[PDB]
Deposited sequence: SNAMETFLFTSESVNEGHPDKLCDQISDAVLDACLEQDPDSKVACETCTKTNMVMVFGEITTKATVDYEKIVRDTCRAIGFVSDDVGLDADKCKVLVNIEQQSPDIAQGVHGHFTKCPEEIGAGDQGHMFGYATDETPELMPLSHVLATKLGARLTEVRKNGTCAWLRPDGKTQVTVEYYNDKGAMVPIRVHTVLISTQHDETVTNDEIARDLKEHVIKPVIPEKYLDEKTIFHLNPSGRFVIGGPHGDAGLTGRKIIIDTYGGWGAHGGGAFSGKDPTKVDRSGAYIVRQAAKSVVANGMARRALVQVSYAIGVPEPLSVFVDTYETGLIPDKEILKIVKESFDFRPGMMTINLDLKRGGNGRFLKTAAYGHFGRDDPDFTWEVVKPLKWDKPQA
């Protein structure tokens, strides 16, 4: 059998760029919990002993930006200078242009309102896992989530919040469909305390992290493991390693599979097409595959500022479609409402009080079963069987 190697990575919730995504979305969630119509463009950056929140917010909400920063950092585990940031003592620069909504005198609706910006977004799905995501991405991501889990539940209390994971999968191409054969290489680089030995780290990573996450059918005697290959990782988080919102957009989506239109998600209210548009095209690609039309699907949408209807839509099934891609395009266009105001309503994205967006801001926006991930709910599609 002819195979090829495809790699995806993940970063842990303590990585300084991901920290910024989480802070940005914790701010967004706080705004929406009080004011579903909040306009939010909240950017975060961080470096040694400092977090700055910036950007623009128009809201009726009363939000303690500094407290959200500190609470978000503390819950991730940044409780001291030694672990890479002291949530209680670090500098927090609050640099947001805060506005209340416009006051106007006079006597646009979701059906007619134009996009708030131009741009393009892609959705992807593949039948190679039950959540219709690429296995290389799923496994890298799940290793990261597992590192967080065993640190917070005390199973591996030697762990610290920062770290990275990476999985190389050996694939076969079946008529355009991606068929995972085996895991070729697993890499973990995790932050840890100054007492645990290299031997304890390697044994615990194998037994508490890799073994539970990676199906045994994909592991064999030849699988390569790189476990903290560069040696010690005691220093982490923002300490000596600046972070910014929107610097993990491939980890947030499909891990190199599919495509990306460039726009980050975190800190953006769900009227913004970079977020709602990307979520709708995930729902569309996932629905094409789940309804049986194809084994794999890529969907693009694009917008112009001030225009409600998309400028373009395509569908590509990588030759796996059971009906022509032009027919799948017609069905997608008829079944999905790509108008900006309508996307936000149909995915129930303004609904407050469930911490929805902070949940998205680590360990991927796609492939998760939580009911707040409304874009993961398949839409039933009618299709003229071949």
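- Gaps between the deposited sequence and the modelled coordinates occur at 1-3, 111-115, 395-396, listed in sequence order.
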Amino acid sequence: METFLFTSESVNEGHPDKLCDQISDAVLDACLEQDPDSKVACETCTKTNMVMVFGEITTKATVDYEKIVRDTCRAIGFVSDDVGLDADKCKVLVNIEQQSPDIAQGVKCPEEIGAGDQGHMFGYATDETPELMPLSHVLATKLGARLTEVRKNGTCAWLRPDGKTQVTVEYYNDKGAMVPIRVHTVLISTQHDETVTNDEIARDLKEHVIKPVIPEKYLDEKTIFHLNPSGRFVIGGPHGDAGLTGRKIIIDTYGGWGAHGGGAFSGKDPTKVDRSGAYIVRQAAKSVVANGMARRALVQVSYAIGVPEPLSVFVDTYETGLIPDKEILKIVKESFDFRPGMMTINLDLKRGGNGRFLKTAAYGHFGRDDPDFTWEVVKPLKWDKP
From here on, numbers count along this sequence of modelled residues.
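- Just going by the entry, 218-226 versus 300-308 on mean CA temperature factor gives the higher value to 218-226.
- Per-stretch averaging of Cα B factors for 289-297 and 108-116 places 108-116 on top.
- Highest C-alpha temperature factor among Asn153, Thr168, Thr253, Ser189, as the PDB entry reports it: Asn153.
- When the Cα B-factors of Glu149, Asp269, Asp274, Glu131 are read from the PDB record, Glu131 comes out highest.
- Among the modelled residues of its chain, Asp370 has a C-alpha B-factor that falls in the highest third, as given in the PDB entry.
- Ranked within its chain, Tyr172 lands in the middle third, by CA B factor from the PDB record.
- Ranked within its chain, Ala75 lands in the highest third, by CA B factor from the PDB record.
- Ranked against the other modelled residues of its chain, the C-alpha B-factor of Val378 as given in the entry falls in the highest third.
- Compared with the other modelled residues of the chain, the Cα B-factor recorded for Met343 ranks in the highest third.
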